[PDB]
Amino acid sequence: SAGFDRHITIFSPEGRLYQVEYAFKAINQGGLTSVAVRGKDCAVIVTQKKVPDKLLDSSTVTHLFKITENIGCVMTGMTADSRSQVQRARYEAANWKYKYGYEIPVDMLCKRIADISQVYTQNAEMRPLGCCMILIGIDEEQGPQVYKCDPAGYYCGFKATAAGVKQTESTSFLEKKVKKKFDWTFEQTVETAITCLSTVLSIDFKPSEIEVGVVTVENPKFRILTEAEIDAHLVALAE
Amino acid sequence: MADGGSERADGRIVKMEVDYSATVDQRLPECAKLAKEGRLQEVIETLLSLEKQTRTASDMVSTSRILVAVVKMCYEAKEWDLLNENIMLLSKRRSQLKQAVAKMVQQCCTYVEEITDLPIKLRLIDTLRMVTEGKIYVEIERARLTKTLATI
Amino acid sequence: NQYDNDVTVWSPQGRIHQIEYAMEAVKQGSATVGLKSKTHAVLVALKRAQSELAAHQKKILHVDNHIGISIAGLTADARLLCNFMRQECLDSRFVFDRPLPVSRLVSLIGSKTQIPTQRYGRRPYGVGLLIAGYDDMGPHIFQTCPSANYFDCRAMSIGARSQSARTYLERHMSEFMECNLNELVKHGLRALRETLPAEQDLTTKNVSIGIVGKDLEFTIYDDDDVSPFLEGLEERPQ
Amino acid sequence: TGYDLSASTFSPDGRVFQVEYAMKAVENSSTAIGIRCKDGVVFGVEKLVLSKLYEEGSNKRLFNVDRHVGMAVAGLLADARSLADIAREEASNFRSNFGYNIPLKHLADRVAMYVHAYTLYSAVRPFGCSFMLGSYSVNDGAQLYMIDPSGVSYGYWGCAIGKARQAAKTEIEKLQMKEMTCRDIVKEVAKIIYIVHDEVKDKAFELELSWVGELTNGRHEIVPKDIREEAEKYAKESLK
Amino acid sequence: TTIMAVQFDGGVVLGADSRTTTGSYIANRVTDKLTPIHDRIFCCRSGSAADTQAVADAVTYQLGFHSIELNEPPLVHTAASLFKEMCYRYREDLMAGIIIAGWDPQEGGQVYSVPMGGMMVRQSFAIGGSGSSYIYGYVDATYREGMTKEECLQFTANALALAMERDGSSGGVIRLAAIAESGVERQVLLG
Amino acid sequence: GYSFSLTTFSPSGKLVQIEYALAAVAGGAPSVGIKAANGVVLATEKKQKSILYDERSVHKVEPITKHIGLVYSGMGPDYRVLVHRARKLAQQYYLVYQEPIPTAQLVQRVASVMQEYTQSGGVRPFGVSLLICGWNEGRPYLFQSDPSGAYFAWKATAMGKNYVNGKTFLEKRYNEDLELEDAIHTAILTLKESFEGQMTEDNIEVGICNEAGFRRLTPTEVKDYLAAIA
């Protein structure tokens, strides 16, 4: 059927176009899964690490990336395209403060990211950066937020978030999870953020195999959890 | 490796009455930290079944009396915590908890002609909680059935 | 065969064939041999006639007072690199007022030939430059290749059927460091006479010899002054 | 396969084969290993003699980027020379704009983004090189990095690049590298080279050992192994 | 305009007047002559007002972007280099009297001086501005090596008040700032 | 097929890649727009794929000036480009003429933007059609652009999926003179023709033009408007 537009970025007879939607299955060669959860006044990123070597280090592995002092992110997809995406995110976050004189909202930043990913679809002759980005941040008079940017130039903000390999299995768990009206008191958030990834991947991970980024109304600085207190939340859910 | 936990269990069965049984539950988390290790061959399932045998034997002596609540609250203690104890992602379902309670439902077969109907169905309603999860697969698949027939 | 079209396209074996084909243009040109002693570096080339009465095409060309090069391959890429070569030699004279070190001039060539071996729109340079020179630490013999690699060496022969010249150089390289120019030159042109078909002889009209010395400026001798060098030779054992 | 011509096109399952093809061109090059002790980084390159006319020190693969930074390249040698001049030029602008030496964590990011840019356009091809970056400082200690042709760059304690990438790191990890000094490392690097195929089906070789750490006071230079020749004296005793 | 900077064992002590004038008319009566760049690095500015405000915004943009990439607190010598790269390049166009001071974890308290020319030099104490010429004989007969923090706050208060005695480009109110490892203490002195 | 490209003709007819770009317009979300006697009503369809998506984050009815609004049916990522183009283009009229730009003037210029990507070749056309409303000089207006670059002036129309059922609905429905309040009543009643199962206050999103300027409706009114009014 296909044929017609499976090399370059032009239209297919009546349908769409294939080179952009081949980047959606370009995330899955990472072999990884990330989960973001917004329940109440805090916000939690959780993502496992996969260290296949003892000669390989520990500090230079983390996918949690601090964009500004109040905005952190996590990256999926292939590795080299992910870091160049972060370099644009760190750059244009500082241009907002210079041009406009105040801290950039987390909502405004995904507009500036997806529009750069838009030109690479509209205008040809550059590979469109097969990686995905998830943001968290605290907004005044709006609470915490979770955003996702796509390689096509799409973005949408939403409460419970999965990415990587296992979206359709983790989001299926979180639809049944976020339907009851339970409150989310900063450990209801984390324990659901663990046990969703822990059952979909089926790992119920040992303490040294993940990362957890957090932000909370109290201390709006982006914060990467210590390995000791990761064990404290792990012994909390399994009493 | 875990023979030190066996000779400490040799101490606690003498000190069920000489010392108080909460101290048996105070020597217990060291044997849990031994089960927290559980690496390859040293302190793993075969020797873990011995502490699981001796902690149930101490649970037999402590709750042979009408103070029954200790054997039950020790179970929802450890059987919710075994996901954090031994091996994560469904441990083994292999001789880490099975015969420790397959002995106990055999004890519920013994006490049903001795103990009255009230604390034994409190005993059954607290063992139905983890029998619904696992431990009735094969071998003693009737760990549920020899006690749900008792409920009839 | 579809991978064999451009410089940009990699192969499923990991070998770019367009660089591998520019090596074949070096084998089209004639043979030339360069070598050096502790004090003197001499490179000897072999002319080729076009017709029976045209002039023979020159190979060795002067560059600077302490640098001279040989040639093998395309004449289009020959003079295009020469004009880049002469411009860099006089810039150090104009700015630094010193002659160039020979080892760092050739590093400019590998940076020069690297861009047309990666970006689309220009073929690699089909060229076989042999380089002799004098920095402050004695003579040097350099070669280049269209794969933009440059090799320091003490003796080298490249061009048509130049493998037989390499076999002569390997079993006489122990003698090269001590002997002076009266035989060091005719150590070199005994290596050219195995790169010939066995019926004709190296005459005075088809050979060039260039000598640069520690106290000697680079000088090209051809067709009249080769006769004090071709005297005192034996024939081939036929 | 077929859709594998440009570097700006995707496969139907979602990977770029032009990056995949350039990775196993590094595989055909000889083995170059890297290792760091608690107070320094020690390089080591197995390098083979072409025929005989090599002049004992030509076309080396142990470069020198900065006062305290050098490379351990392997793959296409001409492509690594142009890439080394980028890192020389990148560290100069950091000096002229900030007034102090480049951190190795920031230097590897600037190089890997430059390698990344040649994996996006149809006009250019990806590089065919992989290399090492080792440095030492008093406020940062010793670091050791690793850059593939795709542009992924992060840190190791030990590595190998060449044919025997797996066959070298099997016996690197049985060393107690966290507490050794980098004078004892030098006699241990030379046996890792000579175990795995130095001249067995090949003709000849020559060992090169680069060297940076506390004993050099932050300088990067080649070993004085020419002095006392102790690397080959200690490694050739491992014949049995 | 008179600015002041003295380092001590812990960190540095800054100080300035306000009195932004034009001709013989005071336009601004109270003025923040010292400007935060990072959490530990301040600068006090002198010269043309519109020139120094434009430079201090660009350095805060460049240094603030630069420290997030390294994931490290920046050096005080790094910040003083960025003012040098703009004042020396755009000379014959700017009139800036920037003095950079602040605490650093690697080196402690540092004070740098970038005058109208474009040079950079580290000093123990530093003066600047139009009214700084009148206290040059007082500041070196009073300075003593090995002061505490409370002596330096006493030192710069008497030192500014002599330049702020009457001199027409100086006076107003004293704004002081102390930068150390713990925090930044800023206070306003009058009477 | 000849097509494959944009800079050449077919031997028989017209440009084929622009026709394929219109196929992506028909596979978009449905929309409707009705020009009444005192105003123009825009209404569109907006369903999330899950219960997780925040509905109050990204909007469909999007104001350009204080009297001009705009909807679409196509791909939202291409939609955000020409919206930001039309914002800055509308300010260039106001800096010159010091007067709010009439609605017939943007459509001269916005269609000339969508014109320009149908050139070159190394570029693709849009996959978005538009509907532009506004009340300038008393009379209200309702236009429609396309990726080819032409434009219109509608009484009532419907784009997106199942537009032929909405067109035969509106052909049987739309009269000449009604108020704006009767216009929204037949604008949701044509959205119910091709919508999915549940239609809440968050499934639709409706904006209007008065003579008092452009306004989009908050879900408090839209819940109270869809409350049993057919």
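Here chain A follows Swiss-Prot, giving residues 6-244 in order.
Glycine is treated like the rest: Cβ placed from N, Cα and C.
Checking A:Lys30, A:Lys54, A:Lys71, A:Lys102 against Swiss-Prot for the annotation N6-acetyllysine singles out A:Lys102. The phosphoserine entry in Swiss-Prot, when matched to the candidates A:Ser64, A:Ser175, A:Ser213, corresponds to A:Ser64.
Checking A:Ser63, A:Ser87, A:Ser177 against Swiss-Prot for the annotation phosphoserine singles out A:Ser63. Among the candidates A:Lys45, A:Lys104, A:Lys116, A:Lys164, the residue that Swiss-Prot annotates as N6-acetyllysine is A:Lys104.
Taking 8 Å as the upper bound (exclusive) on CB-CB distance to chain F, the modified residues A:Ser17, A:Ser63, A:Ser64, A:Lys102, A:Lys104 give A:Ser17 in sequence order. Figure note: comparing Cβ neighbours within 10 Å for the modified residues A:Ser63, A:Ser64, the maximum is reached by A:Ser63. Checking the modified residues A:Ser17, A:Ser64, A:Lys104 against chain D with a Cβ-Cβ cut-off under 8 Å leaves A:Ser64. Ranking the modified residues A:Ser63, A:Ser64, A:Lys102, A:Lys104, A:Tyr159 by Cα distance from A:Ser17 (phosphoserine) puts A:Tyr159 first.
Closest to A:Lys102 (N6-acetyllysine) in space, going by CA atoms and restricting to the modified residues A:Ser63, A:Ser64, A:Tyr159, is A:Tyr159.
Of all the modified residues in the record (A:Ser63, A:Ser64, A:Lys104), the one with the smallest CA separation from A:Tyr159 (phosphotyrosine) is A:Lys104. Taking every protein chain shown into account, A:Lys102, A:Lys104 are the modified residues, and of these the Cβ with the most other Cβ atoms within 10 Å belongs to A:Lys102. Other Cβ atoms within 10 Å of the Cβ of A:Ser17 (phosphoserine), summed over all protein chains shown, number 17. According to its DSSP assignment, A:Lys102 (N6-acetyllysine) is helical. For the pair formed by A:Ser63 (phosphoserine) and A:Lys104 (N6-acetyllysine), distance between Cα atoms is given as 38 Å, rounded to the nearest Å. The number of other Cβ atoms within 10 Å of the Cβ belonging to A:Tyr159 (phosphotyrosine), over all protein chains shown, comes to 17.
In this structure, A:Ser64 (phosphoserine) is part of a helix by DSSP.
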